[PDB]
Structures are given as structure tokens and as C-alpha cells.
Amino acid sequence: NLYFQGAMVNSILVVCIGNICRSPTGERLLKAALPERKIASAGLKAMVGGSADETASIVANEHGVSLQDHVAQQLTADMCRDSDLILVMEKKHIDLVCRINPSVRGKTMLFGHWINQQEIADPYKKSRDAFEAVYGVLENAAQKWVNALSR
């Protein structure tokens, strides 16, 4: 059972831009840890219908995580309202979420909130090494969220 800010967390929405790289990876890391919770992802300007990035998928698979059957979707105001916690990769993205739904700033947090560096870099179209580095950061960040929500 998960809690944050004096409320239950039943659903988590991971948000980035395209909904093909960091966000499906973050989603699936959380789902692996939280099989009974509703975990999804969406993009601020999504490649609607797209599957997970090939390199993101390769790297995740190497670490035992599947990005299979991901379908990229556009973030809507309704998704924001319905989610109990919204996680973004970079600080600038918080304002972007709040433009879609101004009422959710209070529950919009960094994916990397519980790690020292806070923000998580964008590996899209970068080297394999960038994807591996980012995966490790997301894995650590996701575990630290699970610990925080459940302790």
C-alpha cells in the first residue's frame, strides 16, 4: 500500500515528450516493482501509436525489463486529473504538465525526486552508452520512489 502527501497513491503517470523513451522505461520499472498498481505513461507531444524506442527496449531487456506492447499516447487533462502521482524527468516539464492541467502541480514531481542529481537526461538519438547510463539512473530513481511510497 502506497502513500504520499497524506493521501493514497493507487495510480502513477510517468510523463515526458514523445512517450517512446524515458517515459515507457520509467513506467515499466515501476510496474515491475508494483504489479498491483495502475502505472502508465504519456507524452506532452507524443508519437501517438509508436512502440518503445528500439535502443531503449534493448537496454531494458538486458536488465530484465520488458517494454513490449507499449503504445505511445498523448497526455490529456483527464489523465492528469485521474492520476494520484505524476512523474516528469526534468524540472521544466512540470510547467508543461500544468499547461495541460493547471490543477495538478501539487502532485507533479520529478521521477528523480529521491536521487541526488534530481533530473534525468534525455538519451533519445544519443549513443548506446547514453541509454545505458540513463537506464541505471531511472532504475535507481524508480526503486527509491517505491521505497518512499511504501515505508
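Quick note: we count residues from 1 along the sequence shown, nothing fancier.
**Q** With respect to the recorded C-alpha B factors, which stretch has the higher mean value, 122-130 or 83-91?
**A** Averaging CA B-factors over each stretch, the winner is 122-130.
**Q** Per the entry, where is the mean C-alpha temperature factor higher: 49-57 or 110-118?
**A** For C-alpha atoms only, the mean B-factor is higher in 49-57.
**Q** Can you work out whether the C-alpha temperature factor of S11 puts it in the lowest, middle or highest third of the chain?
**A** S11: CA B-factor falls in the middle third of its chain.
**Q** With respect to C-alpha B-factor, does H70 fall in the lowest, middle or highest third of the chain as deposited?
**A** Answer is middle: the recorded C-alpha B-factor places it there.
**Q** What third of its chain, lowest, middle or highest, does the C-alpha temperature factor of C21 fall into?
**A** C21: CA B-factor falls in the highest third of its chain.
**Q** Would you check the entry's CA temperature factor for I39 and let me know if it's in the chain's lowest, middle or highest third?
**A** Ranked within chain, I39 CA B lands in the middle tercile.
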